[PDB]
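*Asks:* Please see the structure below; I have some questions.
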Amino acid sequence: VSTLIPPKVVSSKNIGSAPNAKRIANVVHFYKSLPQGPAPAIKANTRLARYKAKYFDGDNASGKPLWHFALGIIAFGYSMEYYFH
Amino acid sequence: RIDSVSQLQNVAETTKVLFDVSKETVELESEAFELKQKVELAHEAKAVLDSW
């Protein structure tokens with residue numbers, strides 16, 4: 001009966017659809033992400049932290065300090081042998 | 001989603017012309033309607049003088 005008008009009804013359409021929820025998720029997801037590996041805190045020491053940073057990161061990740069811990073029990077219990085028997 | 005929104009870049013600037021020129025080309029023909037009145041009148045006049 002007249003010139004009907006759905007070319008411009010986008011302004012209040014852009015809430016209900018599914019990429020709108022993904023869009024408002026990931027524009028929030030992107031800003032607080034640190035850019036290029038920044039603030040990783042690669043240097044730390046608390047009298048036991050260099051042990052962790054040298055041994056217990058994902059780079060080395062070897063169980064040989066447990067060996068040393070086992071050696072520590074060889075340092076401990078055998079000396080407890082010297083304290084008991 | 002960037003591509004889907006960028007499909008709607010220059011729609012409004014062109015559809016504000018579409019709306020207006022479309023309804024004008026609909027509704028600027030009542031002149032032709034009132035011309036049709038005169039056309040059918042002269043049609044009847046030619047028909048009856050053909051009868052005479």
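In the structure tokens, the first chain shown is A, the next is B, and so on; residue numbers restart at 1 for each chain, and ligands run from 1 in the order shown.
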Can you check which residues of chain B have any atom within 12 Å of chain A? Use only C-alpha atoms and format it as a VMD selection string.
*Replies:* chain B and resid 1 to 2 4 to 5 7 to 16 18 to 27
*Asks:* What does the distance between atom CA of residue 68 of chain A and atom CA of residue 56 of chain A come to in Å, to one decimal place?
*Replies:*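 Computed distance, atom CA of residue 68 of chain A to atom CA of residue 56 of chain A, equals 13.0 Å.
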*Asks:* Enumerate as number ranges by chain all residues of chain B assigned to helix (DSSP H, G or I) by DSSP on the backbone, naming them with the chain letters and numbers the document uses.
*Replies:* B: 2-6, 11-27, 30-51
*Asks:* Any idea what the distance is between atom CA of residue 6 of chain A and atom CA of residue 27 of chain A?
*Replies:*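 For atom CA of residue 6 of chain A relative to atom CA of residue 27 of chain A, the distance reads 28.2 Å.
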